[PDB]
Amino acid sequence: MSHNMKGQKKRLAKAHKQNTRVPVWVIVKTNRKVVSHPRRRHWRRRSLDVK
Amino acid sequence: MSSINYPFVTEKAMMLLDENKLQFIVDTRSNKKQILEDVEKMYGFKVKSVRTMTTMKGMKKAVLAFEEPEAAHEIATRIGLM
Amino acid sequence: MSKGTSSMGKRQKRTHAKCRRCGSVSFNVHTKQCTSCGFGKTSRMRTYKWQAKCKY
Amino acid sequence: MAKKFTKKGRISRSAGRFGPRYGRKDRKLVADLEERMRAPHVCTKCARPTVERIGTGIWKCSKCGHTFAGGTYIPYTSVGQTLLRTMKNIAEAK
Amino acid sequence: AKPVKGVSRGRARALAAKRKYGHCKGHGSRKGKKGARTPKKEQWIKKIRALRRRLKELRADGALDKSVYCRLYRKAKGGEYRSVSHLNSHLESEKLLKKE
Amino acid sequence: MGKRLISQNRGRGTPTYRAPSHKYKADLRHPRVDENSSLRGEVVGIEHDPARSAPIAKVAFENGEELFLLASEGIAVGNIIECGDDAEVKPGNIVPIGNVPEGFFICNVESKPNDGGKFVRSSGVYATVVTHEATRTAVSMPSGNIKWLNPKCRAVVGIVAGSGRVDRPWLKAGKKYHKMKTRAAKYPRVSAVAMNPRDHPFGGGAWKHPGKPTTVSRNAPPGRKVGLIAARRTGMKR
RNA sequence: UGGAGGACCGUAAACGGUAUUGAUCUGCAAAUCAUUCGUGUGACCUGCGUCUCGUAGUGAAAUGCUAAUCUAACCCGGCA
RNA sequence: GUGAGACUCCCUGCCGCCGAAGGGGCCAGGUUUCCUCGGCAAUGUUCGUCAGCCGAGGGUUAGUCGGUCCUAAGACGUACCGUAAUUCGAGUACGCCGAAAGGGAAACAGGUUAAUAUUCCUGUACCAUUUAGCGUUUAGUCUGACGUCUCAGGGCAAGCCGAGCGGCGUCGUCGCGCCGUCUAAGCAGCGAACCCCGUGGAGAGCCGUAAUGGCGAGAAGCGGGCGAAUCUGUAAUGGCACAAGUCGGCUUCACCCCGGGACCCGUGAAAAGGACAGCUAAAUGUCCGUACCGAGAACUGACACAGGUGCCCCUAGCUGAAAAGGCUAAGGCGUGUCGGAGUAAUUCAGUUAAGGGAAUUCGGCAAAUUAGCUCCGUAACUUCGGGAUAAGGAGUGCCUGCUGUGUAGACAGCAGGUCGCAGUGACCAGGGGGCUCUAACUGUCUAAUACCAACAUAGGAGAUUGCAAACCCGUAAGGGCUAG
Ligand SMILES: [Mg+2]
Ligand SMILES: [Mg+2]
Ligand SMILES: [Mg+2]
Ligand SMILES: [Mg+2]
Ligand SMILES: [Mg+2]
Ligand SMILES: [Mg+2]
Ligand SMILES: [Mg+2]
Ligand SMILES: [Mg+2]
Ligand SMILES: [Mg+2]
Ligand SMILES: [Mg+2]
Ligand SMILES: [Mg+2]
Ligand SMILES: [Zn+2]
Ligand SMILES: [Zn+2]
């Protein structure tokens, strides 16, 4: 239970919602030419550069 | 720069409509006093306390406990939550 | 006890925090200066001629 | 009235807490210092053997509470005695 | 919720009753140093408290005046007596009570 | 650049060589008194000063200025301390040395008038007033030098309290370690012959020896003036 | 009776790292594991905080340590 | 059972691992890993329908817990001054920061969800500030607020025993074994030591403690005041299958209160806050954290890493000195995430080995021996402290019946009987001694080939310096040593 201030938790919130796949309709609209982005990650890897 | 975004509706948020409470998504920059005053200005119902929390989605959820009975149901009917 | 993987589990703390002025994790927590932009040391931004090469 | 001062055991004195360490000379010096310091000292005020050490150079009469600064281990040093008796002679003679 | 299968203690209680009687406690079962099984300062504490209480009761009921009570108190301090019974036997041998 | 000596590290002022100034009770000095002025005070308690390992007296004066004082030997609680030229020559009193009779013992002597006391402050040391002259006065210091001081230089009569502190042998490296915790000094100290040649002038070699004379000149630069600095002579008294 | 000690024995508490020159040596591990060992009321061990640094710091002194780097670190630049 | 597909996922039973850590609580850190649903192309040392994975959705509620406030070591800012100059530099003056383990105003019990709970709900409370009514300062003190070692007295969680009561287990014979028999803060009351006050009159000495001690500079004794933990009463209706729900005793740490003593060439923090003039009413009490892991899979070491961070703080029954080791609860698990098979050599780690007993080898390297406790007894040498557990020996189980000390727990001891190859029956647990070299000793050391005789040490000696000093840092301002 690391004790974050408000800005640290806000940054972790943005990092959490960045870590989601591309929507299906974006892949359908782009002719499958946009299938990923660099912000995919897993929590048990390289730690966040957030705090 | 309104403090209120919209009422928050989940299975747990609708669990408090019988308790006279109503949970809202508000501006994260706001405080309890601003949420209380803006809700009382927006609907006229008197608020007894504010139970605020900030979620991991980047938002703030506020639970307003009203004083008059059935104010939560009246506000839900006026908004169409129910 | 070793200097390799044995003592690298003591890395449970920080020496650089995310600086305000540039959003880079370079703000030293002991000298109160960002080592990338120099916030907390100067009003101007630190930039040196050795950060790139001689232009000739 | 005192410890069993055994047939061999009155050499170490209080410095038997150091065991066989630190050599006979330093043990002898510390034992003599402890014997000199722990002895009763007549208070100057109440004249009763009640002065005892409280710190490094601080002494206190247990009866009358007369706390004074003296030597680190002995209450009254001979140089202070010399100064007091010199001033006593100077006051008496004039 | 299934029952807790706690550690039974009937054999332990039987062994405890036998130990209370004085058995199952010989030198083949004593494994700790004499001084850990019973500390010496506690033995002195209980012995001297019993002796001082007996002397206090004797001085209270008038059977032991102050002149001999003071000496007996210092004797109990010095370890002349082994127990309350030893103190009583020495009292009845040298006749330190005010028999009348 | 062979590595700087321990003296150069100390002069730079690093935390290893800095005094733990927060541990000490108070700076010792005589109370500030205007010229042709005096103040009385009484001892409210004998405390322990970690800076000197000797007692210091907490003195409450007549203007209510609670001031820590260096404790002469024999000073007690409830004693009256007096200051000024009109103060009687008595143990524990602060007076000019020009009024002290020759042959008396003084301590916490001032180098200049209204100085606060510089010389004669260790536990048990004292000075002797030797001679009186119109512009001067001679005091025999604990070293042995006949220092010449102003007649108005104040001093407290008596020898400094805590005499005999060095009589006890240390007897153990832990005891000296615990004394050196509250000191500024570095403990323990490595001998220079055991150092490598980069660290000390005397270090290095296949066997422990200086290789050069240990008596160094007075005109040596910093980082070279080690060993026997500018010695008049060496060795035990033949 | 008393409860002193850089006291003693002692743990897979903690710290250290003797010997097996065992295991392993494209390993669990860029030095760890097993058994065997040293200290374990103090010059003790340790959390967190803070300070001392490159010809400088720190070092109970091995040229040891100063981020897997030390008889002068690392990053960039002089440098093609 | 589910599933198209099962050693591998789910339930039941059986058999097991940890059980002073592999369980419980949380710091730093992680950052959604938490919870529900649906999948198995990749991740998982196999497969997998499972999952810390993939996809979707949901989850963190505070006046009372923390931060916040205070100051510590020590930073940072402005001004002055210095510097060719600064974003650079010591000091001074004024500020401001600096602890989620220091100080600190106050909340507890039960319920509720899939995941939140001293936060939400029920009950019963308490603290602060401001406003108003009723009057006052005692205002300078006390507390906050202090090290190490040792110990007395009191209380209490946990633990244990006996009677009754209610369920479960066992039931070849017996009548035992296990679980439960509950009750918070708040409010009201008593108050042990210490201290103080009024009397008192103690020496061919008396009163005390575990111990030190106390006393005409006034002891014992008698009164009074100040004064703890806990306990009692209420909270009394909450939960318990609304099943009992009532009682006695022992012990009590490592937890709390209180007091004594010893040690220091160690003297063991400061400030905010709090008490002494408050009582009643009303309103207000913003902001941040709160999920989950906290580690043989959620941190760090490239990893689901045998390391490290954390063994940081707690941990029940028996044996036993014990938190050692062994066996079991609770709790967590069969994931220190490949299985079948029983057929060679060889290999890692173990068990046993006749007769000999170091003949092996550089060398008793490795392995073996001994081992707990009580009692007898214990040499050279020595700094008189030791060597010392020296060495060398005896006893030890179980059952029957007792004794002594203690208030008691418990401890110590005795008589007789009896079994075995063996009674510290397992676990646990020194082999011993002699003569030299070297260093006095405890300590420190090449993290990752050197734990040494090297380094340090106390002890001894020498040198500089009287303080605007000696020695040293800086270009300077000015500094370390030096609150000397
Ligand atoms: Mg909140
Ligand atoms: Mg250029
Ligand atoms: Mg040189
Ligand atoms: Mg040991
Ligand atoms: Mg390195
Ligand atoms: Mg280059
Ligand atoms: Mg087990
Ligand atoms: Mg697979
Ligand atoms: Mg602060
Ligand atoms: Mg040695
Ligand atoms: Mg040496
Ligand atoms: Zn920056
Ligand atoms: Zn006196």
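Chains as they are written, first to last, in the authors' numbering: chain Bd, 1 to 51; chain BT, 1 to 82; chain Bc, 1 to 56; chain Bb, 1 to 94; chain BP, 52 to 151; chain BC, 1 to 238.
From the three backbone atoms N, C-alpha and C, an ideal C-beta is built for every residue, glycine too.
- Less than 8 angstroms separates the beta-carbon of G57(Bb) from that of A54(BC).
- Interface with chain Bb (8 angstroms Cβ-Cβ cutoff): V44(BC) is excluded.
- Residue state for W95(BP) is assigned as helix, using DSSP reduced to three classes.
- Checking the 7 angstroms criterion, the Cβ of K55(Bc) is within range of a heavy atom belonging to ligand 2.
- For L22(BT), the three-state secondary structure derived from DSSP is strand.
- Counting only the Cα atoms, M141(BC) lies some 13 angstroms from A155(BC).
- In the same chain as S122(BC), and ignoring 5 residues on each side of it, the C-beta atoms closer than 8 angstroms to its own belong to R52, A54, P142 and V160, in chain order.
- In the DSSP assignment, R53(Bb) falls outside any alpha helix (DSSP H) and lies within the beta strand (DSSP E) extending over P49 to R53.
- For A60(BC), the three-state secondary structure derived from DSSP is strand.
- Chain BC places a beta carbon closer than 8 angstroms to that of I74(Bb), counting this residue as a contact.
- Under DSSP, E82(BC) forms a beta bridge with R40(BC).
- The C-beta separation of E102(BC) from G158(BC) comes to about 16 angstroms, leaving the pair out of contact by the 8 angstroms criterion.
- Judged by beta-carbon spacing, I97(BC) lies beyond the 8 angstroms limit of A71(BC), meaning their Cβ atoms are not closer than that value.
- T16(BC) counts as exposed, since fewer than 16 other beta carbons sit within 10 angstroms of its beta carbon.
- One residue after another in chain order, those with a Cβ under 7 angstroms from a heavy atom of ligand 1 are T52(BT) and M53(BT).
- Straight-line spacing of the CA atoms in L33(Bb) and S14(Bb) works out to 10 angstroms.
- Distance from the C-beta of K3(Bc) to the nearest heavy atom of ligand 5 is below 7 angstroms.
- Beta-bridge pairing by DSSP links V216(BC) to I229(BC).
- By the Cβ neighbour-count rule, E110(BC) is buried, with 16 or more other Cβ atoms within 10 Å of its own.
- Within chain Bd, the residues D49, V50 and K51 have their CB atoms less than 9 angstroms from the CB of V25(Bc), given in chain order.
- Of all residues in the region 8-36 of chain Bc, only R14, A17, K18 and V25 come within less than 8 angstroms of chain Bd when Cβ atoms are compared, listed by chain position.
- Counting the other CB atoms within 10 Å of its CB gives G79(BP) a total below 16, which places it among the exposed residues.
- DSSP places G45(BC) within a strand segment (E or B) once states are collapsed to three.
- For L83(Bb), the closest alpha carbon among the candidates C107(BC), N145(BC) and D85(BC) is that of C107(BC).
- For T77(Bb), the residues of chain BC that pass the 8 angstroms Cβ criterion are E73, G124, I159, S163 and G164, in the order they occur in the chain.
- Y43(BT) has its alpha-carbon roughly 11 angstroms from the corresponding atom of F66(BT).
- Of the candidates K9(Bd), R45(Bd), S36(Bd) and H42(Bd), the residue whose Cα lies closest to the Cα of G58(BT) is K9(Bd).
- Near ligand 13, meaning a Cβ closer than 5 angstroms to any of its heavy atoms, lie the following residues in chain order: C43(Bb), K45(Bb), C46(Bb), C61(Bb), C64(Bb) and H66(Bb).
- The straight-line gap separating the alpha-carbon atoms of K25(BC) and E66(BC) is approximately 13 angstroms.
- Close partners of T52(BT) in chain Bd (Cβ separation under 9 angstroms) are lacking, with about 12 angstroms as the shortest Cβ gap.
- Taking every residue with its beta carbon within less than 6 angstroms of a heavy atom belonging to ligand 12 gives, in chain order, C19(Bc), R21(Bc), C22(Bc), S24(Bc), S26(Bc), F27(Bc), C34(Bc), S36(Bc), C37(Bc) and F39(Bc).
- Nearest C-alpha to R165(BC) among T86(Bb), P75(Bb), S12(Bb) and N89(Bb): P75(Bb).
- When Cβ-Cβ separations below 8 angstroms define contact, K29(Bd) makes no contact with chain BT.
- Interface annotation for the region 20-46 of chain Bb against chain BC: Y22, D26, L29, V30 and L33, criterion Cβ-Cβ distance under 7 angstroms.
- Per DSSP, the beta-bridge partners of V139(BC) are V129(BC) and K147(BC).
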